[PDB]
Amino acid sequence: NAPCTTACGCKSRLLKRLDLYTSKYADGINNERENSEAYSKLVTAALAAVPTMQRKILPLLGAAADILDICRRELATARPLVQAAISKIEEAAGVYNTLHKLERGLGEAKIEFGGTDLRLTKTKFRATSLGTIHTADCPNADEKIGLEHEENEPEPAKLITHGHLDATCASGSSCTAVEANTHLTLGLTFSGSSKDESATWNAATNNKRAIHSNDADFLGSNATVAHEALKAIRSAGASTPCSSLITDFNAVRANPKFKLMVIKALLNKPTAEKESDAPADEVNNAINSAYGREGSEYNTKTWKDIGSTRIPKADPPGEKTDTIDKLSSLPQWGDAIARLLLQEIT
Amino acid sequence: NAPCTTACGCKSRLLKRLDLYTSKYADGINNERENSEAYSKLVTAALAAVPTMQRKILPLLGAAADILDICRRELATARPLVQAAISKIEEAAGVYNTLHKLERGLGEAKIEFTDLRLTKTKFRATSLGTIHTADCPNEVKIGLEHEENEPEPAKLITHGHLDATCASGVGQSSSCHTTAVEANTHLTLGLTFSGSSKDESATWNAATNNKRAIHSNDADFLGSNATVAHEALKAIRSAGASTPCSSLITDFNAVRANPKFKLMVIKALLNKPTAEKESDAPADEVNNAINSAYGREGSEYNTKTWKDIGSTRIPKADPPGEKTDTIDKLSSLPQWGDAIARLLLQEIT
Ligand SMILES: *[C@@H]1O[C@H](CO)[C@@H](O[C@@H]2O[C@H](CO)[C@@H](O[C@@H]3O[C@H](CO[C@H]4O[C@H](CO)[C@@H](O)[C@H](O)[C@@H]4O)[C@@H](O)[C@H](O)[C@@H]3O)[C@H](O)[C@H]2NC(C)=O)[C@H](O)[C@H]1NC(C)=O
Ligand SMILES: *[C@@H]1O[C@H](CO)[C@@H](O[C@@H]2O[C@H](CO)[C@@H](O[C@@H]3O[C@H](CO[C@H]4O[C@H](CO)[C@@H](O)[C@H](O)[C@@H]4O)[C@@H](O)[C@H](O)[C@@H]3O)[C@H](O)[C@H]2NC(C)=O)[C@H](O)[C@H]1NC(C)=O
Ligand SMILES: [Br-]
Ligand SMILES: [Br-]
Ligand SMILES: [Br-]
Ligand SMILES: [Br-]
Ligand SMILES: [Br-]
Ligand SMILES: [Br-]
Ligand SMILES: [Br-]
Ligand SMILES: [Br-]
Ligand SMILES: [Br-]
Ligand SMILES: [Br-]
Ligand SMILES: [Br-]
Ligand SMILES: [Br-]
Ligand SMILES: [Br-]
Ligand SMILES: [Br-]
Ligand SMILES: [Br-]
Ligand SMILES: [Br-]
Ligand SMILES: [Br-]
Ligand SMILES: [Br-]
Ligand SMILES: [Br-]
Ligand SMILES: [Br-]
Ligand SMILES: [Br-]
Ligand SMILES: [Br-]
Ligand SMILES: [Br-]
Numbered sequence: 028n029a030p031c032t033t034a035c036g037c038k039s040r041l042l043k044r045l046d047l048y049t050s051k052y053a054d055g056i057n058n059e060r061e062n063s064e065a066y067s068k069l070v071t072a073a074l075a076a077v078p079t080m081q082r083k084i085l086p087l088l089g090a091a092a093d094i095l096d097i098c099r100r101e102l103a104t105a106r107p108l109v110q111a112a113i114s115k116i117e118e119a120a121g122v123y124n125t126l127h128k129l130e131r132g133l134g135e136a137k138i139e140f141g142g143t144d145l146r147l148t149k150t151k152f153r154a155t156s157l158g159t160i161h162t163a164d165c166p167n168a169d172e176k177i178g179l180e181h182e183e184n185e186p187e188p189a190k191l192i193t194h195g196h197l198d199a200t201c202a203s204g209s210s211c214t215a216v217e218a219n220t221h222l223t224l225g226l227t228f229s230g231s232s233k234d235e236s237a238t239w240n241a242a243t244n245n246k247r248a249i250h251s252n253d254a255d256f257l258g259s260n261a262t263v264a265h266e267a268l269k270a271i272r273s274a275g276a277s278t279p280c281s282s283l284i285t286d287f288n289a290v291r292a293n294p295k296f297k298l299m300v301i302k303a304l305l306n307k308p309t310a311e312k313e314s315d316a317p318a319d320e321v322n323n324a325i326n327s328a329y330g331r332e333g334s335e336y337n338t339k340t341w342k343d344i345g346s347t348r349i350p351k352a353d354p355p356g357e358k359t360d361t362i363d364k365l366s367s368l369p370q371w372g373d374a375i376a377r378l379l380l381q382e383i384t
Numbered sequence: 028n029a030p031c032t033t034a035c036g037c038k039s040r041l042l043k044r045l046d047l048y049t050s051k052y053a054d055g056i057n058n059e060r061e062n063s064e065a066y067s068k069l070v071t072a073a074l075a076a077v078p079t080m081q082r083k084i085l086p087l088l089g090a091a092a093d094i095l096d097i098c099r100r101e102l103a104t105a106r107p108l109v110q111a112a113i114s115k116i117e118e119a120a121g122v123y124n125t126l127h128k129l130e131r132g133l134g135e136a137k138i139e140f143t144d145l146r147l148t149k150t151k152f153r154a155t156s157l158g159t160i161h162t163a164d165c166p167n172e175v176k177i178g179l180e181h182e183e184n185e186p187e188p189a190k191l192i193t194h195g196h197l198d199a200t201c202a203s204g205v206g207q208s209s210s211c212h213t214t215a216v217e218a219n220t221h222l223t224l225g226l227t228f229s230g231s232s233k234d235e236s237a238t239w240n241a242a243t244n245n246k247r248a249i250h251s252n253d254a255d256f257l258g259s260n261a262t263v264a265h266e267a268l269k270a271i272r273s274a275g276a277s278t279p280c281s282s283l284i285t286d287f288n289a290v291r292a293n294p295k296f297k298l299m300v301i302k303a304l305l306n307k308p309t310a311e312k313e314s315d316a317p318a319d320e321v322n323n324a325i326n327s328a329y330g331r332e333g334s335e336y337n338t339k340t341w342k343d344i345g346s347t348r349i350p351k352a353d354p355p356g357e358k359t360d361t362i363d364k365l366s367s368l369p370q371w372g373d374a375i376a377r378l379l380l381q382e383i384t
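Taken in sequence, the protein lines are chains A and B.
Numbered by the deposited numbering, the letters in the first sequence go through residues 28 to 169, 172, 176 to 204, 209 to 211, 214 to 384 in order.
Numbered by the deposited numbering, the letters in the second sequence go through residues 28 to 140, 143 to 167, 172, 175 to 384 in order.
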């Protein structure tokens with residue numbers, strides 16, 4: 028809720044926010060895999076099973092096709108938005124990796140004139156840290177993230193907008215002109231606000247003060263467009279694609295094509311085309327008989343019986359048979375379907 | 028290819044290389060959509076079509092299931108590798124943004140001293158901390180064949196340098212190692228960066244009035260980021276995953292080469308339905324069956340076979356009673372799945 032304030036924290040939050048979306052997308056990919064498998068199992072079993080079993084599979088087919096189609100279309104819609112966010116967030120992370128290197132400044136040059144004269148060689152530069160970047164890893168401890181929280185989450189912070197010329201001058209005492219015992223120290227630091235401490239420093243230069251600032255906008259809009267890319271997913275309603283499963287009776291039960299095919303296939307009224315063509319109690323009683331009461335046995339029995347349907351199996355000494363669940367691959371299911379239809383032709 | 032030498036060039040080349048892989052991945056995704064559609068049409072038409080067409084469809088069906096399965100498995104193997112490359116490349120690109128801001132150094136403090146008192150107005154230059162803001166200037176062979184020989188991306192900046200100038204005496208003509216710092220002295224300290232360590236103090240100590248890098252410090256901004264991205268691109272190639280799902284069910288050459296195809300031609304088109312081996316028929320008879328069903332060498336596969344498949348009539352839901360239409364007019368998986376149920380019910384009835 029409060030803006031991030033360190034490079035390690037901003038990167039950590041931006042990546043954690045991205046994970047909200049990519050993990051949900053990965054769930055959809057897995058769900059599309061399971062729905063594809065389920066739909067293939069239904070078609071194969073619907074061809075191979077005995078009529079009492081076939082009649083229980085048929086009401087699943089149109090509704091399952093509806094779930095699978097929508098699931099694929101939702102993933103296809105989300106795919107470019109998630110890809111766009113990934114690219115933009117990871118580029119911003121790259122800049123944060125550098126802002127962490129600069130978070131302690133860039134060192135200093137300190138001249139100590141020695142005491143004898145004001146001649147100068149490298150040996151009078153006692154400090155020469157200038158150009159040293161910060162190399163330590165992020166602190167191991169540091172920092176509500178959730179899709180519900182995304183709408184008011186603030187932009188990632190820019191952290192550094194200015195570089196500062198730090199200066200110290202101490203004679204003898210304040211710079214009393216520079217003489218043989220004078221320490222002159224000049225450094226470069228960064229912050230998110232401009233600094234000019236010239237007023238206090240000119241009356242007491244023996245204190246390190248930022249005496250000039252220059253523009254150093256490293257992030258530019260990178261964090262803004264990454265932030266906006268996350269909103270683009272939410273605006274399109276693409277944050278949780280393909281969340282419905284064919285193996286969830288709640289998804290199937292709600293489809294009008296399911297109820298209608300219960301009437302056609304399980305209440306012996308095959309010419310029905312409206313939901314009203316049978317009394318609701320007879321639809322419900324048929325549902326109860328086929329799938330357990332209110333579909334309570336859909337997974338414990340219906341999908342188990344579907345998986346135990348025996349289908350043709352290729353073999354060099356002659357075609358054999360086994361169950362859908364034992365030959366659990368699309369190539370074997372497609373081969374069975376071809377073989378089942380050939381037997382009907384033959 | 029010589030290594031990249033600028034931040035704008037390194038970022039550009041890395042993204043261009045990445046695009047070689049993501050574009051091929053996108054092609055596989057598109058092919059998988061087309062393959063899923065092709066397979067669903069085949070299953071649907073195989074149930075609905077007249078027996079003459081069913082026999083033409085059945086060998087396409089078993090091969091199509093195999094092609095589609097391989098296609099999905101290739102995409103599943105490629106997906107985490109491509110995602111990793113994208114993440115690592117884009118993190119490196121972000122660092123190169125900053126390396127571009129730093130490519131012209133970070134300015135300087137110049138102190139122009143009548144006396145040797147000092148306030149800000151004696152600092153003529155105060156550019157220290159000024160980063161470079163301009164866009165990239167408006172680099175090389177890029178291609179998968181060229182990827183094995185591509186060098187690692189350049190780090191560009193490995194060290195920061197303290198540059199120093201000291202010019203004492205009127206006209207600022209003299210070195211400060213012999214003409215001590217006095218009222219006319221110009222003292223300039225700056226910060227630049229490069230890809231090599233530097234220590235030019237030996238020459239500077241005898242002539243301080245020339246700008247020289249008299250000290251260097253470590254400034255490794257990229258770390259391993261760019262090399263780790265490079266290695267992620269190689270990880271795709273090592274896995275043989277650069278062109279996943281390149282085969283199309285609508286490409287007869289892919290169908291013909293699928294191991295399931297020949298046997299089903301024998302079973303469905305040569306009146307040997309119990310065949311289980313390719314030796315169950317002469318190869319010449321298989322070829323004649325292929326020529327009759329799909330045109331000579333499959334030359335009519337798209338112009339005739341798939342048009343005939345698409346014109347198969349299937350059931351269509353309607354409130355005043357079930358109607359019929361063609362696969363191509365009812366061109367959606369949900370209408371095909373509904374048709375399959377209605378077809379199987381009709382057989383039951
Ligand atoms: C590209 O270079 C980057 C450095 O410029 C790499 O980032 C560094 O990666 C190392 C791991 O190899 C990290 O070291 C670890 O840090 C964690 C703590 O940091 C994490 O947790 C805190 C607290 O939540 C969080 O604020 C941070 O953002 C991190 O999420 C320690 O627990 C470990 O013990 C270990 O010390 C560095 O911290 C990390 N630096 C930064 C700035 O992220 C980066 O991994 C490189 N990229 C690739 C693709 O290799
Ligand atoms: C994050 O901030 C970055 C700055 O740190 C953004 O990058 C800058 O984006 C602008 C506009 O998008 C680019 O300006 C354009 O530059 C091109 C020329 O550069 C391109 O082509 C050369 C080859 O000629 C290639 O070497 C470069 O790498 C680029 O591919 C001009 O033709 C345009 O007219 C326009 O001036 C900057 O060049 C670019 N800077 C860098 C260092 O990339 C970046 O877009 C931000 N990220 C996001 C996601 O918005
Ligand atoms: Br995924
Ligand atoms: Br499957
Ligand atoms: Br039964
Ligand atoms: Br001293
Ligand atoms: Br009834
Ligand atoms: Br029942
Ligand atoms: Br019920
Ligand atoms: Br894609
Ligand atoms: Br489809
Ligand atoms: Br199908
Ligand atoms: Br002067
Ligand atoms: Br002046
Ligand atoms: Br290529
Ligand atoms: Br390759
Ligand atoms: Br380099
Ligand atoms: Br002068
Ligand atoms: Br490395
Ligand atoms: Br490859
Ligand atoms: Br032969
Ligand atoms: Br023959
Ligand atoms: Br034929
Ligand atoms: Br075609
Ligand atoms: Br027809």
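By construction, the Cβ of each residue, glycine as well, lies at the ideal position given by its N, Cα and C atoms.
| Asked | Found |
| --- | --- |
| For A/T309 and B/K358, what's the separation of their Cα atoms in angstroms? | 11 Å |
| With C-beta atoms as the reference, is B/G225 less than 9 Å away from B/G158? | no |
| Give the C-beta separation of B/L380 and A/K302 to the nearest angstrom, bearing in mind that I take them to be a contact with Cβ-Cβ under 8 Å. | 6 Å |
| Using a Cβ-Cβ cutoff of less than 7 Å, which residues in the same chain neighbour A/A254 once the five nearest sequence positions on both sides are dropped? | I192, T193, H194, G195 and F228 |
| What does B/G356 touch in chain A if you count any residue whose Cβ is under 8 Å from its own? | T309 and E311 |
| Check whether the Cβ of A/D253 lies closer than 9 Å to any Cβ atom in chain B. | yes |
| Mind checking the stretch 92 to 112 of chain A against chain B and listing, in chain order, the residues whose C-beta falls within less than 7 Å of any C-beta there? | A92, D93, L95 and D96 |
| Taking 8 Å as the line, does the beta carbon of B/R377 fall inside it for any heavy atom of ligand 25? | no |
| Cα separation between B/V263 and B/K115? | 7 Å |
| In the DSSP assignment, find the unbroken beta strand (DSSP E) run with B/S229 in it and report its ends. | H221 to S229 |
| For B/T384, go through chain A and note every residue whose CB falls closer than 7 Å to its CB, in chain order. | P308 |
| Any idea what DSSP makes of A/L197, helix, strand or coil? | strand |
| So what does A/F152 bridge to, in DSSP terms? | A/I138 |
| Can you name, in chain order, every residue of its own chain whose Cβ lies under 7 Å from the Cβ of B/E235, other than the five neighbours on each side? | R247, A248 and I249 |
| DSSP three-state call for B/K68: helix, strand or coil? | helix |
| Residues of chain A with a CB under 7 Å from the CB of B/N240: which are they? | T148 and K149 |
| Any heavy atom of ligand 5 closer than 8 Å to the CB of residue 171 of chain A? | Coordinates for residue 171 of chain A are simply not present: the residues of chain A run from 169 and resume at 172. |
| At 7 Å on the CB atoms, spell out the chain A contacts of B/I271, in chain order. | Those do not exist, as B/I271 stays about 16 Å from chain A at its closest Cβ, beyond 7 Å. |
| Strictly below 8 Å CB to CB, what residues from chain A border B/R82? | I383 |
| For a cutoff of 9 Å on Cβ pairs, would you count A/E182 as touching chain B? | no |
| I need the DSSP call for A/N306, collapsed to helix, strand or coil. | coil |
| Compare the Cα-Cα distances from B/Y329 to each of B/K364, B/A218, B/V290 and B/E311 and report the closest residue. | B/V290 |
| At which residues does the beta strand (DSSP E) containing B/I349 begin and terminate? | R348 to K351 |
| Between the stretch 272 to 282 of chain B and the stretch 101 to 111 of chain B, do at least 3 Cβ pairs fall closer than 8 Å? | yes |
| Could you give the residue range of the beta strand (DSSP E) that holds B/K339? | Per DSSP, B/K339 belongs to no beta strand (DSSP E) and is neither H nor E. |
| Would B/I284 and B/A75 be called neighbours here (beta carbons separated by less than 9 Å)? | no |
| Please tell me whether, using a cut-off of 8 Å, the distance from the CB of B/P30 to the nearest non-hydrogen atom of ligand 17 is below it. | yes |
| Label B/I383 either buried or exposed according to how many other C-beta atoms from any shown protein chain fall within 10 Å of its C-beta, with 16 as the threshold for buried. | exposed |
| In terms of residue numbering, what span does the beta strand (DSSP E) encompassing B/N252 cover? | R247 to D253 |
| Please list the residues of the stretch 177 to 208 of chain B that have a C-beta atom closer than 8 Å to any C-beta atom in chain A, keeping them in chain order. | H194, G195, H196, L197, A199 and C201 |
| Residues around ligand 3, please: the ones whose beta-carbon is closer than 5 Å to some heavy atom of it, in chain order. | A/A53 and A/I56 |
| Kindly indicate if chain A contains any beta-carbon less than 9 Å away from that of B/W371. | yes |
| Taking 8 Å as the line, does the beta carbon of B/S367 fall inside it for any heavy atom of ligand 12? | no |
| Within the chosen definition, does the stretch 142 to 150 of chain A reach the stretch 196 to 216 of chain B through at least 3 CB pairs nearer than 8 Å? | yes |
| Cβ closer than 9 Å: which chain B residues qualify as neighbours of A/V122? | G121, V122, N124 and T125 |
| Span of the alpha helix (DSSP H) holding A/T104? | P78 to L129 |
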